[PDB]
Amino acid sequence: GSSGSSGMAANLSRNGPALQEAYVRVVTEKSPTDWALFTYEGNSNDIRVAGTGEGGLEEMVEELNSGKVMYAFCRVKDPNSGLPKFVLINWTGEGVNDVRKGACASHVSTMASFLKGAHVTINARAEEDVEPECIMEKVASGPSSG
Numbered sequence: 001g002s003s004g005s006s007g008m009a010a011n012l013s014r015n016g017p018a019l020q021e022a023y024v025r026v027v028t029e030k031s032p033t034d035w036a037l038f039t040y041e042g043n044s045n046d047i048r049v050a051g052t053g054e055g056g057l058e059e060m061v062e063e064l065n066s067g068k069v070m071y072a073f074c075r076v077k078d079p080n081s082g083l084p085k086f087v088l089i090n091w092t093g094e095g096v097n098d099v100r101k102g103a104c105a106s107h108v109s110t111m112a113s114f115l116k117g118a119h120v121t122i123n124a125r126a127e128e129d130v131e132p133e134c135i136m137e138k139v140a141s142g143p144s145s146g
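So the sequence shown is numbered by PDB author numbering: it starts at 1 and just counts up by one.
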């Protein structure tokens, strides 16, 4: 029964330090990093860095390519809490077939653990479903009373 290794899933091994690095900046206010994109390398299972900067949410969505599965990691402050919260977005281009959308979902479980701290999770697909307000509207949603 043992042929592959696990059953198709993200590796994040080749670009270990790389990926982690982009994840350490987005969480560390010390360095300049408001967002962080992570896309595959070639045509195999292996998530790597795609883009990083302090442009905010406007620059993050600008990198999002409608057609390929990517991961966006932004860091903003809540309205009431006023504290730095971590947001997780599962960019899923519409151009991607259905057979793939179901095959990439398995990777979400692996990536989800890697990008811990995510106070809120959002599964968008289009650029309109990943706008500053569209995200900030969910960032505020959280425990407060009752």
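Even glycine gets a Cβ: it sits at the ideal position worked out from N, Cα and C.
Next item on the list: Compare the Cα-Cα distances from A10 to each of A140, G117, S113 and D34 and report the closest residue.
Entry: Distances from the CA of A10 to each of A140, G117, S113 and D34 were compared; the closest alpha carbon is that of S113.
Check: Going along the chain, which residues of its own chain have a beta-carbon closer than 6 Å to the beta-carbon of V76, five neighbours each way excluded?
Finding: The residues are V139.
Check: For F86 versus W35, is the C-beta spacing smaller than 9 Å?
Finding: no
Checklist line | Which listed residue (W91, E59 and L57) has its alpha carbon closest to that of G67 | finding: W91
Notebook entry, point to check: If you run the structure through DSSP and keep just helix, strand and coil, what is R48?
Noted result: strand
Note to self: Between which two residues does the alpha helix (DSSP H) holding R75 run?
What the structure shows: Careful: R75 lies outside any alpha helix (DSSP H), inside the beta strand (DSSP E) at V69 to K77.
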